[PDB]
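Residue numbers (the entry's author numbering), protein chains in the order written: chain D, 247 to 534, 598 to 651; chain E, 16 to 129, 142 to 381; chain A, 1 to 305. Using N, Cα and C, we set each Cβ at its ideal position, and we do this for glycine too.
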């Protein structure tokens, strides 16, 4: 009660809707069903999957009689976003795409016979993720590869989002020697997906848990690379929980730390505290007859499960985007030069 | 002329502290500036910046350590320094508009080769609104403050400020309790023996809005620093390093004692509180006070010596954020906001361009 | 008929005067390269310098201040070919700019001495390290202003330069001591300010000059003194590490091969260190005083495209 972070109302556990005024897309319920019951995403996997259902749901237009297609879809698509907000609040990978999409709703005129409404939207929103994601990730590949020598180590955290493809390129598409250290944490064992993949790729993978983190650093170790969820306007890395403890330690143990990221994952907002702006996710998950049951109904017990947390930018040495590399204090200068400009 | 004596009594207004604070001197240097705008016959657009750059050197040389007057004159030059290049390329034919606001500043000195057609009078009236839009910005800087700080601060933490003489946080923590109904407390120390006039005034009005407040002495602020994990500092002016020119007394060492406990250190500052200058000497901006109110006995025969100080300076390593009207910012980012408001010529505001 | 590569133009004038330094000597060689050899076509002109700069890197691989000179000359002729003159005027429009840097980058250092005045204040004991000649011209202006200070010169080992600076300004008339670089940590408490100078600035703000500017930099941060650094506006290179390991001279900084007959053993370690943004606090340009975050953005403002 003294910190009262349990009464930080960033999320509730509300469910069970029945309303049928909107024609709810059945497949967008599947997307929310695939998130909230068991999380299967990073952030750019959402930015793919949020776009996967959007190409389908615009194809079923269902434009009514006395309404322009500019007038209904700004309500029709945005009503379906609140289904996701019941499941999981948005990211900036969510956020920067959808406001760009709401521009495209507004910049059309009453001239389209709804047959032309596909290809002016379909390839355009396809060339979004073709440019802003795919070949944006291509420029990640050449930039990080020249900053990695052979016969070294990489320490990652959680499931990566883009540097999985980077580790595939340096182990197979360039065949230089490399050892991989993947560490994830209870409850979301998403780093095991990388641990399956890179040894299916056939490379030296050492799996790890965050409680045993010191003895990884007591060996020959360097080049700590990180996934990301958003970068603050200061330089704080808003990312998956438990990122900063290796980010403080490897910076304390004088070997450099980088964050693989992109310009789409920037943001205008700013903060400097970990427990201010976050999300909780269903406190039943940290249980597994069990050992304890009854965080409810029992006096003086609670289960927290932090999803996102900030890292100080002094821990990060170099921030790499698709345009290049940059020091972490110099993050917000792209916000005036490329994001909404490029 | 008649405007030449109103500047002289304004020169007289800046000698013997006829106005204080970082707020009221900026409004009154600018209303007085419009009289010079309305009674000027420049006859060339580079003469009008000459009409104002000597006036600042009739002001900044007259009194250096006031800055809310000192940064307006450069900024109101910059809105005309913008529009010299506006009518320059629009007069030409080939490359009338590129309109990207940033050219690479390293290369620009390193490449040297050598309808509103003219409408020469408009530089007056665009400065007449340039009079008006600056003040109307200053009147409601606190809305951009309050949009981001309740985002930045949370509910249940004890607090501390060393600057009771900040009318920003005097007004801000009213609505930080009122609209956002967060409950907390504030520790408050004194600017001994100078802001202790207002330090007892500060928590009393906060006792009216009853935010669990209590007054600490200046010596005790280390002993309770282990409990508090957040400090806000209402500064007076801020330079290009992110080292800010703070209020009167006591606030620098407690900003240092805050930094040693790995405690985040907050600051609030209006956009007009910015200054494009550099702190070359710390001691040329640290102004002192008097031997009067620090000991009143005035011995002529024993006659020891004693030191007052009515300006504290902090390095940018001891500061963390700048809660401004346009967002929160890094201590090292301060140039880019400033160079979007100031130019490289009038920062050396002096007639001798040596 | 010259070829401008090694010594048929370049190493001529490096024996002319030790007032011109290494990168602008390459800039002086690069602007006179396309001046005489002007092959009346925009295509092979830049293909001439891409041949010529890459052999110039191949000429001396371990003077990467030249690489900064090899970097920004391409940045010069790119935007100078911009303004869209279809190469018709841009032959003359480049060479009418032409002799800019032999008139402008030569007056870098006095312009540093114009604006670097109000750092060395009344009674500042000054720690210098290595012959970064913009510091001495700032100190030349300090003696010519008759402002009061003192000076402390470190070593420059193995590059010997500290023995020169003691002889260089004692004749100028400044009270000065030469100290060993080993005795920095026991003396730095009395020292108040400290001046160095980089051979090139990296992307976060880099000190890519000498052997132990990072050693004296990390001393000064625990001494909590303002670690200034003096350079100018043509000393920028994209080359940017993540650790304090740059490209070395020829081998790794921990060799373990043996002495064959009498080989030099002090010269086994590195000769160039690196310092990130954390340990500097301010720097000087021809543009002005510059914070270590703005030196990142101006090194990226015309560098991404």
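Count the other CB atoms within 10 Å of the CB of residue 342 of chain E; is the residue buried (16 or more) or exposed (fewer)?
If you number the second chain from 1, residue 342 of chain E lands on position 315. So residue 342 of chain E counts as buried.
Would you list, in chain order, the members of the stretch 299-322 of chain E that have their beta-carbon closer than 8 Å to a beta-carbon of chain A?
From the stretch 299-322 of chain E, only 305, 307, 308 have a Cβ closer than 8 Å to chain A.
Per DSSP, which one or two residues make a beta bridge with residue 634 of chain D?
Here residue 634 of chain D refers to the residue found at position 325 of the first chain. According to DSSP, residue 634 of chain D bridges with D:629.
In three-state DSSP terms, what is residue 299 of chain E?
Position 272 of the second chain, counted from the start, is the residue given in the question as residue 299 of chain E. Correct three-state label for residue 299 of chain E: helix.
With a cut-off of 8 Å, do at least 3 Cβ pairs link the stretch 139-155 of chain A to the stretch 168-182 of chain A?
yes
So, does the CB of residue 352 of chain E fall closer than 8 Å to a CB anywhere in chain D?
The residue you call residue 352 of chain E lines up with position 325 of the second chain. No, because no Cβ of chain D sits closer than 8 Å to the Cβ of residue 352 of chain E.
For residue 440 of chain D, which of D:288, D:342, D:421 has the nearest alpha-carbon?
Numbered from its first residue, the first chain carries residue 440 of chain D at position 194. It is D:288 whose Cα lies nearest to the Cα of residue 440 of chain D.
For residue 230 of chain A, which residues from the same chain have a beta carbon less than 8 Å from its beta carbon, with the 5 sequence-adjacent residues on both sides left out?
Start at 1 with the first residue of the third chain, and residue 230 of chain A comes out as number 230. Answer for residue 230 of chain A: 112, 116, 132, 134, 135, 138, 195, 196, 197, 283, 284, listed in chain order.
Nearest-angstrom Cα distance between residue 615 of chain D and residue 306 of chain D?
In the first chain, counting from the first residue as 1, residue 615 of chain D sits at position 306. In the first chain, counting from the first residue as 1, residue 306 of chain D sits at position 60. Distance between the alpha carbons of residue 615 of chain D and residue 306 of chain D is about 38 Å.
Find out if the Cβ-Cβ distance for the pair residue 280 of chain A, residue 205 of chain A is shorter than 8 Å.
Taking the first residue of the third chain as 1, we reach residue 280 of chain A at position 280. Taking the first residue of the third chain as 1, we reach residue 205 of chain A at position 205. Contact: yes.
Pull out every residue of the stretch 236-264 of chain A whose Cβ sits closer than 7 Å to any Cβ of chain D, in chain order.
240, 242, 243
Spell out a yes or no on whether the stretch 96-106 of chain E and the stretch 17-33 of chain A are touching, meaning 3 or more CB-CB pairs, one atom from each, closer than 8 Å.
no
Please report whether the beta-carbon of residue 114 of chain A lies at a distance below 8 Å from any beta-carbon of chain D.
By 1-based counting over the third chain, the position of residue 114 of chain A is 114. Answer no: the Cβ-Cβ gap between residue 114 of chain A and chain D never drops below 8 Å.
Which one of E:297, E:371, E:179, E:344 has the shortest CA to CA distance from residue 83 of chain E?
Numbered from 1 along the second chain, position 68 holds the residue referred to as residue 83 of chain E. When only C-alpha atoms are compared, the closest one is E:297.
Can you list, in chain order, the residues of its chain whose CB lies under 8 Å from that of residue 153 of chain E, leaving out five sequence neighbours each side?
As a first step, residue 153 of chain E must be located in the second chain, where it is residue number 126. Only 94, 95, 98 meet the Cβ criterion.
My understanding is that residue 212 of chain A touches residue 273 of chain A, with C-beta atoms under 8 Å, so please give their C-beta distance in whole angstroms.
By one-based count along the third chain, residue 212 of chain A stands at place 212. By one-based count along the third chain, residue 273 of chain A stands at place 273. Residue 212 of chain A to residue 273 of chain A, Cβ: 6 Å. Contact.
Buried or exposed for residue 292 of chain A, going by 16 or more other Cβ atoms inside 10 Å?
The count along the third chain starts at 1 and reaches residue 292 of chain A at position 292. Buried, by the Cβ-count rule.
Where residue 302 of chain A and residue 119 of chain E are concerned, what is the direct C-alpha to C-alpha distance, given to the nearest angstrom?
Here residue 302 of chain A is taken as the residue at index 302 of the third chain, counted from 1. Here residue 119 of chain E is taken as the residue at index 104 of the second chain, counted from 1. Looking at the two C-alpha atoms, the distance is approximately 6 Å.
Enumerate in chain order the residues of its own chain whose CB-to-CB distance from residue 55 of chain E is below 6 Å, with the five nearest sequence positions on each side excluded.
One-based indexing of the second chain puts residue 55 of chain E at position 40. Counting only residues of its own chain and dropping the five nearest sequence neighbours on each side, residue 55 of chain E has a CB closer than 6 Å to the CB of 66.
With a Cβ-Cβ cutoff of 8 Å, do residue 220 of chain E and residue 364 of chain E count as a contact?
For the purposes of this step, residue 220 of chain E is identified with residue 193 of the second chain, where counting begins at 1. For the purposes of this step, residue 364 of chain E is identified with residue 337 of the second chain, where counting begins at 1. Inclusion of residue 220 of chain E and residue 364 of chain E in the CB contact set at 8 Å is not warranted, their separation being larger than that value.
Just to make sure I have the definition right: I need the residues of chain A whose C-beta is within less than 8 Å of the C-beta of residue 128 of chain E. Which are they?
In the second chain, counting from the first residue as 1, residue 128 of chain E sits at position 113. Near residue 128 of chain E (Cβ distances below 8 Å), the residues of chain A are 93, 96, 97.
For chain E, find out if any of its Cβ atoms is closer than 8 Å to the Cβ of residue 248 of chain D; answer yes or no.
As a position in the first chain, residue 248 of chain D is number 2, starting the count at 1. So, interface residue.
Is the Cβ of residue 304 of chain A closer than 8 Å to any Cβ of chain D?
Counting from one through the third chain, the residue named residue 304 of chain A turns up at place 304. Chain D contact via Cβ: present.
So, helix, strand or coil for residue 454 of chain D, using DSSP?
Locating residue 454 of chain D in the first chain gives position 208, counting from the first residue. Strand, per DSSP.
Just checking: is the beta-carbon of residue 363 of chain E within a distance shorter than 8 Å of some beta-carbon in chain D?
Counted from its first residue, the second chain places residue 363 of chain E at position 336. Yes, because at least one Cβ of chain D sits closer than 8 Å to the Cβ of residue 363 of chain E.
Quick one: Cα of residue 142 of chain E to Cα of residue 2 of chain A, how far?
Stepping through the second chain from its first residue, residue 142 of chain E is reached at position 115. Stepping through the third chain from its first residue, residue 2 of chain A is reached at position 2. Taking the straight line from one Cα to the other gives about 56 Å.
From the DSSP output, which residues share a beta bridge with residue 228 of chain A?
Position 228 of the third chain, counting from 1, holds the residue named residue 228 of chain A. Bridge partners of residue 228 of chain A: A:195, A:282.
Using a Cβ-Cβ cut-off of less than 8 Å, give me the residues of the stretch 113-126 of chain E that come near chain A, in sequence order.
117, 119, 120, 121, 122, 124, 125, 126
Can you give me the Cβ contacts of residue 630 of chain D inside the same chain, cut-off strictly under 7 Å, excluding the 5 residues immediately before and after it?
For the purposes of this step, residue 630 of chain D is taken as the residue at position 321 of the first chain. Taken in chain order, the residues that qualify are 507, 508, 509.
Between residue 341 of chain E and chain A, is the shortest Cβ-Cβ distance under 8 Å, so that the two count as touching?
Start at 1 with the first residue of the second chain, and residue 341 of chain E comes out as number 314. No, because no Cβ of chain A sits closer than 8 Å to the Cβ of residue 341 of chain E.
Mind listing which residues of the stretch 50-80 of chain A have their C-beta closer than 9 Å to chain E's C-betas, in chain order?
72, 75, 76, 79, 80
So which residues of chain D does residue 348 of chain E contact, with C-beta pairs closer than 7 Å?
Within the second chain, numbered from 1, the residue matching residue 348 of chain E stands at position 321. Those are 518, listed as they occur along chain D.
What residue range is occupied by the uninterrupted alpha helix (DSSP H) comprising residue 186 of chain E?
As a position in the second chain, residue 186 of chain E is number 159, starting the count at 1. Segment 185-188 is the beta strand (DSSP E) holding residue 186 of chain E; no alpha helix (DSSP H) there.
Which residue from E:309, E:318, E:258 puts its Cα closest to that of residue 290 of chain E?
Counting from 1 along the second chain, the entry for residue 290 of chain E is found at position 263. The shortest C-alpha separation from residue 290 of chain E is found at E:258.
Based on the DSSP output, what are the partners of residue 150 of chain A in its beta bridges?
On the third chain, residue 150 of chain A is found 150 positions in, with the first residue counted as 1. In the DSSP output, where bridge partners are listed per residue, residue 150 of chain A has A:125.
Comparing C-alpha positions only, which one of E:81, E:168, E:115 sits nearest to residue 351 of chain E?
The residue given as residue 351 of chain E occupies position 324 in the second chain. Closest by alpha carbon: E:168.
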